[PDB]
Amino acid sequence: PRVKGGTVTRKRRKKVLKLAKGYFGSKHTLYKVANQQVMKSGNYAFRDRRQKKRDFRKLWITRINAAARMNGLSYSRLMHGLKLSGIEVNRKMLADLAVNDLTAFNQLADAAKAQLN
Amino acid sequence: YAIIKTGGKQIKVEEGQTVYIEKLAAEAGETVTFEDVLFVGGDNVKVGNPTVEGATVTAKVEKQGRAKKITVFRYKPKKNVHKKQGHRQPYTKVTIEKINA
Amino acid sequence: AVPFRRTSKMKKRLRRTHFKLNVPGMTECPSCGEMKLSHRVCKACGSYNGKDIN
Amino acid sequence: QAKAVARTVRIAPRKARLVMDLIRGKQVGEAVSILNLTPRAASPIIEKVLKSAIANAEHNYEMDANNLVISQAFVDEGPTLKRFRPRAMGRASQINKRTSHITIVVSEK
Amino acid sequence: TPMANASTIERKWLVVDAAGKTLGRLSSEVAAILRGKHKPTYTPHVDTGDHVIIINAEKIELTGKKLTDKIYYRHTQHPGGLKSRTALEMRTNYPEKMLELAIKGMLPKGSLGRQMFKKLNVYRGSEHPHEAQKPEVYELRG
Amino acid sequence: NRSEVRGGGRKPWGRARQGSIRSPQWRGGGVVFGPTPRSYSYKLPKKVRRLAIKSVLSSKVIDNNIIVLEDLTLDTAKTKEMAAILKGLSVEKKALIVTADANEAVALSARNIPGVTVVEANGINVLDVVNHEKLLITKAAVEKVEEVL
RNA sequence: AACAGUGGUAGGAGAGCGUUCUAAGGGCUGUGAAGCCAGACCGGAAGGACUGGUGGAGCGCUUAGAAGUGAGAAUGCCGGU
RNA sequence: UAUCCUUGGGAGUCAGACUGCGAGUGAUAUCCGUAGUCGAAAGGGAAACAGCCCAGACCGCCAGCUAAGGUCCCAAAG
RNA sequence: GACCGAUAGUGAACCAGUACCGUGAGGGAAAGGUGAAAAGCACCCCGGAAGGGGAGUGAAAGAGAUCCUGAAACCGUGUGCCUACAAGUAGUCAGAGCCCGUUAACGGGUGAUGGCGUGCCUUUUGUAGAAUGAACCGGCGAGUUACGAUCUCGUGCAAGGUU
């Protein structure tokens, strides 16, 4: 028998154009450029999903550095003291509490200074 | 106001709020207790060196589910290499009732 | 010289910005004429603000 | 609301649109006065369409003149005639004689 | 889930004198203050800096022979146009512009950098008109 | 195919180097491969056929779907009589009638019923018996089938 | 369970998704089928449902069989713009 | 430490590139032996830079420790 | 008939070896569908007419003569968010403000700012290339069948197997 082959290509091509909604100009209407761009955004997301993990540690480090320098310490000395004054396992994210409640952060800095000298 | 450690990560919890964490392998309805309490805030302040001694945080489980689907697609130009798959990471939702310092 | 590449819709629409007409000069009906043009005759009877001609 | 449509008038689009841009949203008497004073090809056609719409509104739906405004007005494209023009060195070129539809909808303000 | 910042901030006013201090060793600190890295609520995509007023900008200092050797170039986009000025003329004729150039070269490029630069006020001499803003003296920590 | 479509034979006319107007990629060109007349049929060893017919016959006996009756006789070729005979037994679905030699009255009486098929003992086969549900067979046909196999 | 492993072109091996036709059973349609349009649903991928509009008479599910079996490129062919 | 042999079924490839280490040339202004990487390999450092240095991507996390390289501001850290 | 269903099947489902091209031998197309039934829109209004708006037939007039269904490219009208100090393979991650409210889901649309980021295929030792190819959309378009050779797997019988 003969398989005419209709109703299959349109259904598959239309799904590609639906993911390209919101693109600039002909990139959201023409099939070829839409497919090219959807493929390119495929690994742009994979690359960024791992950069995001190392782009917030930098922010936390900067904020902790500023907060510590408000007390007379530096970031490196404060971290060494914390690692040595016991440990007090505290991710930089959870040591960002300098922004919200600054008093406790000063207590932690005081403990680190007490052990550091 | 307590800092607890779970799922290889750390979170800050006060009673009455709801949080999403990694799978606890607990059927929805029972009560879980977190043992690793690092910090306690509010009025008096307690700082345990590895942990605060004798501190347990209570929570109850009401839902275990999966997040929105993420489609992972990668390819290599001019070498005809494609790969596509999907992912839905499981999660467990819990609300705190007693910090219990 | 031939075009190097086609022009997108946005560039064409932006080029046609100044390609439009103008609203004409509107004046009074001369000798109950029909809304004649400035410094000209009435459409009805060739009137100049009531001064009919032709 | 009253509607009047003219189909396949021998006038290319993008030429009727220039005039139609002038009379969109204006009062009926002002629109007619504007159309009577611009020397272009599409003005007599658009004036006839507008007056047909006015007559329909007055007669069929029993509406009133001196109170109507041009609520909607647009020009669409229609079937195209294709012709051929000979050129130098035994070549041919294509000519597109285009046609348009004109629609006007008036309503009480 | 940390906290960003959005328009709910306050900008203080600081006054720094440039008597004796060297060029770069002051410009670096001033730029750091301008970007807002000295406060725990830092945010990369939002302006969180302060306002910096510099007085006595004509008494700046340079080490070595740079005062007669450092040359400022500019190009006018016309053929053969390359204008040059020695540091001595820049110091004795346009003292504020040298400081502005030194600080501006130390700021990030883009829209936010150019909007950050608008908070710097440089005055030759020991007098400024910014009185209603109540400036607060600030020494160079570094 | 390419060499049977009427026309072609010459070059059509920096365009692509066309060779014929009946090439496979043109609008009305020839067909590459596609159907061709042939015959689908093979044969199996005789013992395989014998084992197959034995198995399909025994499968019905396993679940008592074989009804053997003393003899089948219809004086008149009336479809009403055949319907009455079928209703007398518990036969409501398609059934297969097997009789020794050949009876004209039975063949002409059950012909029009939608689900009934009449064959002789010599014409039994696997597909016919595996298709119909209930198999009615005359005792003489049983004996002759036993003799043949 | 406990250990161990999972980059990949030319290539070798394995498991699967879809389209048209045929055979039996089982059953959906004028109380609206195929097709077309929209949506914030479901699987690890190829893919599959569920609601609403249009449409106005034919289609699908389970197990097998047979193939004119899946299109982004050939200065590809035809048509429309 | 887990690779090795024999038989049988399928292949593709057929006188590549650069950088270190030891011998012989143009005119030490290509040759052979040996090791690596790219070809078929993403990530971090050399400002950008197939072949140099570190190191081998099943997927997710707003967790931690380090290699080459670094800690005045661009740009995380003296 | 486990053959096609209007780019398929004869070149030709239609006044087809016709129209058209060539002095001549010769080459050689494109083009199916109102409705069960013409019941194919009497009559009124604008208009020179074409074309429209009512009324009417009909289950449907958005079935009105190229008339079942009506996709994409292409052309327009209205509106929610953004946009006139800004350097751009335009996407991806983070993110204020504004507008909504779904197959209720750690929802939808838009998007100031910050980081990163030299299209697709072919070929080559090596390509972002200033090495080749594509104006865009849609349809058609490439590992088969017959007879022999050898190997793997399955079934029947077995010193026999088989027409």
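Residues numbered from 1 in each chain as written, not as in the entry; some residues may be left out. Chains lettered and ligands numbered in written order. Part of a larger assembly, values for the part shown. Heavy atoms only, no water. Residues with missing side-chain atoms left out of burial classes, pairs and counts.

In the PDB header, cryo-EM is given as the technique by which the entry was determined, and 3.1 Å as its resolution.

Identification of chain C as Large ribosomal subunit protein bL32 from Bacillus subtilis subsp. subtilis str. 168 is taken from the PDB entry. Its official PDB title, as written in the record, is "45SRbgA particle in complex with RbgA and YphC. Class A". UniProt lists a comment for chain C under the heading Subunit, and it reads "Part of the 50S ribosomal subunit." Here chain C is described in UniProt, under the heading Sequence similarities, as follows: "Belongs to the bacterial ribosomal protein bL32 family." (UniProt positions renumbered as here; feature names shortened; annotations may be inferred.)

Taking the PDB entry as the reference, chain B is identified by name as Large ribosomal subunit protein bL21 belonging to Bacillus subtilis subsp. subtilis str. 168. Its UniProt record, at the heading Sequence similarities, says of chain B: "Belongs to the bacterial ribosomal protein bL21 family."

Trainee: Can you help me understand the interface of chain D and chain C in this one?
Mentor: Interface size is commonly expressed as the accessible surface area that is lost when the partners come together. Counting residues at the interface gives nine residues for chain D, matched by ten residues for chain C. For the pair chain D and chain C, the summed buried surface comes to about 850 Å²; carbon and sulfur atoms form 76% of the total. Of all residues in chain D, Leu18(D), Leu22(D) and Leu37(D) give up the largest surface area on contact with chain C, accounting jointly for 54% of the area buried on that side. At the junction of chain D and chain C, the tally comes to zero salt bridges. For the pair chain D and chain C, the interface holds zero residue pairs in polar contact. Of all elements in the fold, only α1 (16-23) and α2 (28-35) of chain D reach the threshold of two or more residues within the side of chain D that touches chain C. By residue number, the principal contributor to the side of chain D that touches chain C is α1(D), which donates three residues. The class makeup of the residues in the side of chain D that touches chain C is five nonpolar, two polar and two charged. (Contact = heavy atoms within 4.5 Å. Buried area = accessible area lost by both parts, 1.4 Å probe. Salt bridge = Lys/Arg side-chain N within 4 Å of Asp/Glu carboxyl O. Polar contact = N/O pair within 3.5 Å; in protein donor to acceptor, adjacent residues only side chain to side chain. Helix = DSSP H or I, 4+ residues; strand = E, 2+ residues; numbered from the N terminus. Nonpolar A, V, L, I, M, F, W, Y, C, P; charged D, E, K, R; others polar.)

Trainee: Help me out: how do you make sense of the environment of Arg98(D) in this one?
Mentor: Residues and elements named next belong to chain D. You can see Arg-98 is positioned in the loop between β4 (91-97) and β5 (100-108). Looking at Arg-98, the relative accessible area reads 41%, which means it is partly exposed. Spatially, the C-alpha atoms of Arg-98 and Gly-78 are 7.2 Å apart, while their sequence positions differ by 20 residues. (Buried < 20%, exposed > 50% of the residue type's maximum accessible area, 1.4 Å probe, protein only.)

Trainee: Looking at this model, I keep getting lost on the pairing of strand β2 (residues 51-55) of chain E. Mind explaining?
Mentor: Residues and elements named next belong to chain E. Across the five residues that make up β2, a large majority, five, are buried. On β2, burial covers both faces: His-51, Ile-53 and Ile-55 on one face and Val-52 and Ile-54 on the other are all buried. The pairing of strand β1 (residues 13-17) with β2 spans five bridges and is classified as parallel. Bridge pairing in β2 places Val-16 opposite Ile-54. The parallel pair β1 and β2, bridged by helix α1 (residues 23-35), forms a crossover whose chirality is right-handed. Relative to strand β5 (residues 120-122), β2 is paired through three bridges, and the arrangement is parallel. Across the sheet, the residue bridging to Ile-54 is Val-122, located in β5. (Pairing = 2+ DSSP bridges. Right-handed = clockwise from strand over helix to strand, strands pointing away.)

Trainee: It is not clear to me how the arrangement of the chains should be interpreted in this structure. Could you clarify?
Mentor: Among the four pairs of chains in contact, the pair with the most contacts is chains A and B. The smallest C-alpha distance separating chain D from chain E is 39 Å, and no contact links them. Between chain E and chain F there is no contact, and the shortest C-alpha to C-alpha distance separating them is 45 Å.

Trainee: Would you mind showing me how to read α1(E) here?
Mentor: Residues separated by three or four positions in an α-helix point in the same direction, a consequence of the helix having 3.6 residues per turn. All names here are of chain E. When the terminal C-alpha atoms of α1 are compared, their 18 Å separation across 13 residues agrees well with the 18 Å that a helix rising 1.5 Å per residue should span. Regarding α1, the residues found buried are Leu-23, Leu-26, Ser-27, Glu-29, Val-30, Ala-31, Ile-33 and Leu-34. Here the buried face of α1 lies against β1, β2, β3 (71-75), α4 (95-104), α5 (111-117) and β5. A positive phi of about 85 degrees marks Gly-36, the residue just after α1. (Expected span 1.5 Å × (residues − 1).)

Trainee: Would you explain the sheet that holds strand β2 (residues 9-13) of chain B in this entry?
Mentor: Remark on secondary structure: sheet strands pair via backbone hydrogen bonds, oriented parallel or antiparallel. Residue and element names in this part refer to chain B. Read from one edge of the open sheet, four strands run β2-β1-β5-β6, paired in antiparallel fashion. At either end of the open sheet lies a strand with only one pairing partner, and these are β2 and β6 (46-47). As defined by bridge partners, strand β5 (residues 37-40) adjoins β6 across two bridges and the pair is classed as antiparallel. From the neighbouring strand, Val-40 faces β6, where its bridge partner is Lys-46.

Trainee: Mind showing me how you'd approach the protein's contact with RNA strand H here?
Mentor: Inspection of the region around RNA strand H gives 39 residues, with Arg49(A), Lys53(A), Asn65(A), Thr1(E) and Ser28(E) positioned closest. Looking at RNA strand H alone, sugar and phosphate atoms form 80% of those within 4 Å of the protein. Taking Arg49(A), its side chain carries an N or O atom lying 2.6 Å from a phosphate oxygen of RNA strand H. With respect to RNA strand H, the side chain of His87(B) contributes an N or O atom lying 3.1 Å from a sugar or linking oxygen. Broken down by secondary-structure element, the contributors of at least two residues to the surface near RNA strand H are α2 (31-51), α3 (56-69) and α4 (75-84) of chain A, β8 (70-76) and β9 (81-87) of chain B together with α1 of chain E. Ranked by residue count, the leading element in the surface near RNA strand H is α3(A), at eight residues. Of the residues belonging to the surface near RNA strand H, the class tally is ten nonpolar, ten polar and 19 charged. (Near = heavy atom within 4 Å.)

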